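Okay, so we've got a single protein chain in two different forms coming up as structure tokens, structure 1 first and structure 2 after it.
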Structure 1
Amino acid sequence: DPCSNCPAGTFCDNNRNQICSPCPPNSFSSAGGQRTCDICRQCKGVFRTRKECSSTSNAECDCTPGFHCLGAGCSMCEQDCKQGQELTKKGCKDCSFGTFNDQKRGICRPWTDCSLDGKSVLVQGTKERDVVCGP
């Protein structure tokens, strides 16, 4: 095609007899040969701009502090996981029975076995805290 000669940052313009016009403002074409340029991604509200849009590359979003990306190329934001939860790929989920997490942005680990260290269980744990062992 004649359009194949139009490089990234331009589009093959059907309104101007297939010349390679530059991408309009707020658009891009990452490959050559396109009949139009693609609208640049906007990172607003909970999203902030990680990488700005150029004529040859889309903008890329991450989440504002206190939040983290979920799915795709950061299609959603989610508040950082708290005590009693860990980040999975499907979001923040409660720790399963027998495990806990006592810190924000922490991972669920199993409860301490007090008997391994020759100690007794004074207080059983939950998803939010470890067992309290006692001599």
Structure 2
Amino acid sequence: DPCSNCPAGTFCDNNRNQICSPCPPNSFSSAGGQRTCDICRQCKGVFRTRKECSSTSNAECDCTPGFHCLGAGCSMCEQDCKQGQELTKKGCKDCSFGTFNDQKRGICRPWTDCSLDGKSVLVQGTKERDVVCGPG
């Protein structure tokens, strides 16, 4: 069937005297063939317009400052990860035993190994603080 040959930004029209037609406003077709253009996603409420919607691409969504896009195609706005945890695929998860993040918008990096530098573990570390070393 001819509709296979419709390029992105068009949809296969049933109207005769035309195989395809260009996507209506506020609707996109990122692949060729589609019998219908999909409605452009709105970046409103708790979202913000990163990229605009073209007849060939959806609008890409962005998050407020102090927040980050969480989820497939930014289907969430998670708040920037607090001290003592790192941002993972499945949102904001706490640091593992033996690692720490002592800041906001940070990443869990392992505790200092005091012995490695001929030192001893004066104070142990938490999920939010590093091991304080002492002499051996």
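Basically, rigid core = biggest C-alpha set you can superpose within 1.5 Å across the two forms. One-based numbering along structure 1's sequence throughout.
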**OP:** Could you tell me which of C61, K93, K82, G98 sits at the hinge, given that one rigid part rotates relative to another between the two structures?
**Re:** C61
**OP:** Quick one: report the rotation angle of the small rigid part relative to the large one between the two structures, in degrees.
**Re:** 16
Original post:
Keeping the rigid core fixed, what distance in angstrom separates the two C-alpha positions of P22 between the two structures?
Top reply: 7.4
Subject >> Per-residue C-alpha deviation between the two structures [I39; rigid core superposition; Å] >> reply: 3.6
Subject >> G118 CA shift between the two structures in angstrom, with the core used for superposition >> reply: 1.1
